[PDB]
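Here is what each chain is made of, one letter per residue.
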Amino acid sequence: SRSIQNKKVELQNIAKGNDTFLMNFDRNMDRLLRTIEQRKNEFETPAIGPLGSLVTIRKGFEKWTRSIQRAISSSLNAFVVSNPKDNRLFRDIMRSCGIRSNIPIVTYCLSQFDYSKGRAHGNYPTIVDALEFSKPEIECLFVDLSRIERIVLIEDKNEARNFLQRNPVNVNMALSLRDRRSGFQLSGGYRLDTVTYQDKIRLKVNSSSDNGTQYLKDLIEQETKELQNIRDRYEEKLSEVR
Amino acid sequence: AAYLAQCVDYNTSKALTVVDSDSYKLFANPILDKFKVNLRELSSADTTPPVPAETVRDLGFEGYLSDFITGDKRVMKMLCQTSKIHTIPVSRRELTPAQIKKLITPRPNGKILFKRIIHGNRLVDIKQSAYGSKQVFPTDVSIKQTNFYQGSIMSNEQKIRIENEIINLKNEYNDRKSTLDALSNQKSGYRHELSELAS
């Protein structure tokens, strides 16, 4: 029942619209972004953000839109800085605006480049093909850092294992569908991890938050079914005992 | 422990160490179906630091994460080969900024000295862009402490609650014993009265 109530609270929070994309990464993420934009003096490359608008989820990948969201939201918190002085300025602005979270610093100036050297060549479209990119600099940075150009989104556990055994041109990671609550991350040919999809949608999704609200409603319904099953089983046990 | 948790992911820190992929599958078929637990195969990479500890400590370090942890031989071997803890110059002293920037610049050997170092309570990873400007760039992130790899109590609260439960249950047992004694006294009195009446 507590889990059901938590899911209901998450459903209400997402439905109210307070879970804005600007605040998806962090409540004070916008404060940090405004501070780095105002204090990019040492930043040869501006610490542009938020990157969710620049790197949005694309349709046709709702099977792992939450999985891609989790992965590139863990990887998204790294912004673009040029010199370690910019890292020091980033820490200073974090202490100033008091952002609730912390932003990892990548000390690499923004640059646009071709990633066809290690482009993925597989039946599954790449994560780049799974993401709407607006700024070419940010797109190139994400491709280089996250190595998404060497990843094809394989759709099944054993299918991912076999495809990684084949090892086509630049095939490293696989995001397979198990359910809307959790999916599969596969690498190394047989390395399989059942990863729960991220509840907080930090990565911007072109689809409205109402999809998340309906997903949470379905989760509440399934957990109420589980609660009823547990209650009936224990009631049977206690009735026999009594 | 914080250094190990930062360098070695918690998924691996909770992963069961498996000697080989064959045993991995054979013992994950009955286990992964019951409990979803990550399994890290015992690899066969290097187990010793790539460079002598003197060169590492010239930057202001202390040693390596392999030297900073102990434990099961197979698990330590898997950490040294897959995670390569011995390849991580780990220390509790922050490096001098001059040596930090020296590491930022690729060394004359052709690359950076190390791709993963720990100075003080911070971790620096130095990488390079695959395409474009391909600048050799560092990344420094603060390291946070943890109680992992330490058989110590910190659920301390659970211990206190369970001790209170022990005390309460012992008191209830004593009270029930006293009630039993009262019942025995009542039975003895009844039997005495019955004996008097019979006589």
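These residue numbers run from 1 along each chain by written sequence and may not equal the entry numbers. Residues without coordinates are not shown. Each chain takes a letter, starting from A, and each ligand takes a number, starting from 1, following the order in which they are written. In this view, a larger assembly is represented only partially, and all stated values concern the represented chains. Side-chain metrics in this entry use all non-hydrogen atoms of the structure; hydrogen atoms and water are not considered.

Looking at the method and resolution fields of the entry, one finds cryo-EM and 8.0 Å.

Got a minute to help me understand the overall build of chain B in this structure?
Comment: elements are numbered from the N terminus, with helices defined as DSSP H or I runs of at least four residues and strands as E runs of at least two. For chain B, the helix and strand inventory stands at 7 helices and 9 strands. The globule rule used here is 2.2 Å times the number of residues to the 0.38 power, and the radius of gyration it is set against is calculated over C-alpha atoms. Relative to the 2.2 N^0.38 estimate, which gives 16 Å for 199 residues, the radius of gyration of chain B is 31 Å and therefore markedly larger than a compact globule would have. In terms of principal-axis extent, the alpha carbons of chain B reach across some 115 × 45 × 30 Å. Note on classification: 1.4 Å probe, protein chains only; a residue is buried when its accessible area is under 20% of the maximum for its type, exposed when over 50%, partly exposed between these limits. Counting all 199 residues of chain B, 30% fall into the buried class. Long-range pairs, those at least 24 residues apart, make up 60% of the contacts in chain B between residues at least 6 apart in sequence. Carbon and sulfur atoms form 52% of the exposed surface of chain B, whose accessible area is close to 13,100 Å². Only four residue types enter the tally: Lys and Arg on the positive side, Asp and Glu on the negative side; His and the chain ends are excluded. To locate a charge, take NZ of a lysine, CZ of an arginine, CG of an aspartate or CD of a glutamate. The positive charge centre, built from 29 side chains, and the negative charge centre, built from 22, are 9 Å apart in chain B. Any two residues whose heavy atoms approach within 4.5 Å are treated as being in contact. Using a 1.4 Å probe, the Shrake-Rupley method yields the accessible areas, and only the shown protein chains count as cover for residues.

Is there a simple way to explain the sheet that holds strand 5 (residues 174-177) of chain A in this structure?
All names here are of chain A. With antiparallel pairing, 3 strands are arranged side by side in an open sheet as 5-6-7. Strands with a single pairing partner mark the edges of an open sheet, and in this sheet they are strand 5 and strand 7 (191-196). In this sheet, neighbouring strand axes are inclined to one another by 30° on average, regardless of whether the strands run parallel or antiparallel. For two strands to be treated as a pair, DSSP must find at least two bridges joining them. Axes here mean lines fitted to C-alpha atoms, for a helix over just the part in contact, with angles spanning 0 to 180 degrees between N-to-C directions.

For this particular structure, what's the right way to read the side chain of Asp30(A)?
Residue and element names in this part refer to chain A. When you line up the elements, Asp30 lands in helix 3 (residues 29-38). Although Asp30 is buried, it forms no salt bridge, and the closest oppositely charged side chain is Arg34 at an N-O distance of 4.9 Å. Residues contacting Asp30, with those up to four places away along its chain left out, are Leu22 and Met23. In the sections that follow, a salt bridge refers to a side-chain nitrogen of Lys or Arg positioned within 4 Å of a carboxyl oxygen of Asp or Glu.

Hey, could you run me through the interface of chain A and chain B in this one?
Often the size quoted for an interface is simply the accessible area lost on bringing the parts together. The partner chain B presents 20 residues to the 25 residues of chain A that form the contact. What counts as buried area is the accessible surface, traced by a 1.4 Å probe, that two parts surrender upon association, with contributions from both included. A buried area of about 1,900 Å², summed over both sides, lies between chain A and chain B, and 50% of it is on carbon and sulfur atoms. On the chain A side of the contact with chain B, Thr107(A), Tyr108(A) and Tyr190(A) bury the most area, a combined 24% of that side's loss. Applying the counting rule to chain A against chain B returns 1 salt bridge. Close ionic contact of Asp193(A) with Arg40(B) constitutes a salt bridge, the shortest N to O distance being 3.7 Å. Only helix 6 (84-97), strand 3 (105-106), helix 7 (136-146) and strand 7 of chain A provide two or more residues apiece to the side of chain A that touches chain B. Looking at the side of chain A that touches chain B element by element, the count peaks at 4 residues for strand 7 of chain A. For the side of chain A that touches chain B, the residue count by class is 10 nonpolar, 5 polar and 10 charged. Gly is placed with the polar residues, together with every amino acid not listed as nonpolar (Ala, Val, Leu, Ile, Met, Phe, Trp, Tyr, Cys and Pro) or charged (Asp, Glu, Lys and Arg).

Would you mind showing me how to read helix 6 of chain A here?
Helical geometry note: an α-helix holds 3.6 residues per turn, so side chains three or four residues apart project in the same direction. When the terminal C-alpha atoms of helix 6 of chain A are compared, their 20 Å separation across 14 residues agrees well with the 20 Å that a helix rising 1.5 Å per residue should span. Burial in helix 6 of chain A covers these residues: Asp86(A), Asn87(A), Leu89(A), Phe90(A), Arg91(A), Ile93(A), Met94(A) and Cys97(A). Summarising the contacts, the buried residues of helix 6 of chain A are in contact with helix 3, strand 2 (79-80) and strand 3 of chain A together with strand 9 (140-142) of chain B. Positive backbone phi, at 65°, marks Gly98(A), one or two positions downstream of helix 6 of chain A. Residue count minus one, scaled by 1.5 Å, sets the expected span of a helix.

Just checking my understanding: could you explain empty space enclosed by the protein for this structure?
The probe, sized like a water molecule, is rolled over the atoms to show the empty space still left. Residues and elements named next belong to chain A. In this analysis a 1.4 Å probe is tested at points of a 1 Å grid over the protein atoms alone, and where it fits but cannot get out there is a cavity; an open set with protein on both sides within 12 Å along at least five of seven lines is a pocket; lining residues have an atom within 4 Å of a point. Grid points are joined across faces, edges and corners, and a volume is the space filled by probe spheres set on the points. Tallying each qualifying case throughout the model produces 1 cavity of 30 Å³ or more. Looking at the largest cavity, the residues that line it are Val55, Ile72, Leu131, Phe133, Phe142, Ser146 and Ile148. Where the lining of the largest cavity is concerned, the elements lending two or more residues are strand 4 (131-133) and helix 7.

Just to check I follow, could you spell out the packing of aromatic side chains for this structure?
Each pair of aromatic rings is reported with the distance of its centres and the angle of its planes. Working definition: a ring pair exists when centres of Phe, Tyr or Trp rings (six-membered ring for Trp) sit within 6.5 Å. Plane angles under 30 degrees give stacked, over 60 give edge-to-face, the rest tilted. Within this structure, the stated rule accounts for 9 aromatic pairs over all chains. For the pair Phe113(A) and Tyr131(B), a centre-to-centre distance of 5.5 Å together with 40° between the ring planes defines the contact as tilted. Of this pair, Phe113(A) sits in the loop between strand 3 and strand 4 while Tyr131(B) sits in the loop between strand 7 (127-128) and strand 8 (136-137), placing the two residues on different chains. Looking at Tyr131(B), the relative accessible area reads 2%, which means it is buried. Three or more aromatic residues link up through ring pairs in this structure, and these residues are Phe43(A), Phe79(A) and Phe90(A). Only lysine NZ and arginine CZ atoms are considered, and such an atom sits over a ring when it is within 6 Å of the ring centre and within 35 degrees of the ring normal. Sitting above the plane of the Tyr234(A) ring, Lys237(A) keeps its charged end 4.3 Å from the centroid. The ring centre of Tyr190(A) lies 3.3 Å from the NZ or CZ of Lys25(B), which sits over that ring.

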